[PDB]
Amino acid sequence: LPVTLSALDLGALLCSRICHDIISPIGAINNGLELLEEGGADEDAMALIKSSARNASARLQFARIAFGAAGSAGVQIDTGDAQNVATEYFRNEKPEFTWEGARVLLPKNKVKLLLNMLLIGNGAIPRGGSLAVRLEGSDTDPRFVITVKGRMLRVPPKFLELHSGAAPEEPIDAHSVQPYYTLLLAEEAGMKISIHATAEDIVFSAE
């Protein structure tokens, strides 16, 4: 709302964000190969390569739908696909992850909004906890509810800032592009995000 990125700058920052998120697991694959060649712990090295490749794959498949155009011809996305890539993604994240709600075809940007709200939620519990998703409403008027609980509970400051309609203090970059993008998707989809924060939990909801 208060700031806008050019097509070139949005695309570049989203690409940087995806790259940033896979540097470590792809690096660990290379580390595993180095350990394997050094010998003495071949099983550990292979296990590392396996889990790091699974991590990289999960992040790429999630990005394919949350940031990319995948799962769509376009126009619609199957929330069953969204549930699958989200569940595998959170296998490599701290919170205990649950998903509730009927499998449904929805406009692509509404499902992309949903997946991006998971990332905001994850950011709100940086010391872990639980992230629970509920799909509610109708297929014409969906409602997404993302509820997080954990020892550290805080609305991500950049998201709070942008969502309140305030221009950012520093330029949008590969970190802040994701909350910017989340709000952009909500605007595009004609949906409004609400934040309800208590001492027990934070609920991010959209409708």
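Throughout, we count residues from 1 along the sequence that is shown.
- Higher average CA B factor: 187 to 195, of the stretches 187 to 195 and 21 to 29.
- Here the stretch with the larger average CA B-factor, out of 68 to 76 and 85 to 93, is 68 to 76.
- For the set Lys50, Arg59, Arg143, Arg154, the maximum C-alpha B-factor listed in the entry falls on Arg154.
- Sorting the modelled residues of the chain by their CA temperature factor places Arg134 in the middle third.
- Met46: CA B factor lies in the middle third for its chain, per the PDB record.
- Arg127: CA B factor in the highest third of modelled residues in this chain (values from the PDB entry).
- Looking at the C-alpha B-factors along this chain, the one for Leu118 belongs to the lowest third.
- Per the PDB record, residue ranking by Cα B-factor puts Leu106 in the lowest third of the chain.
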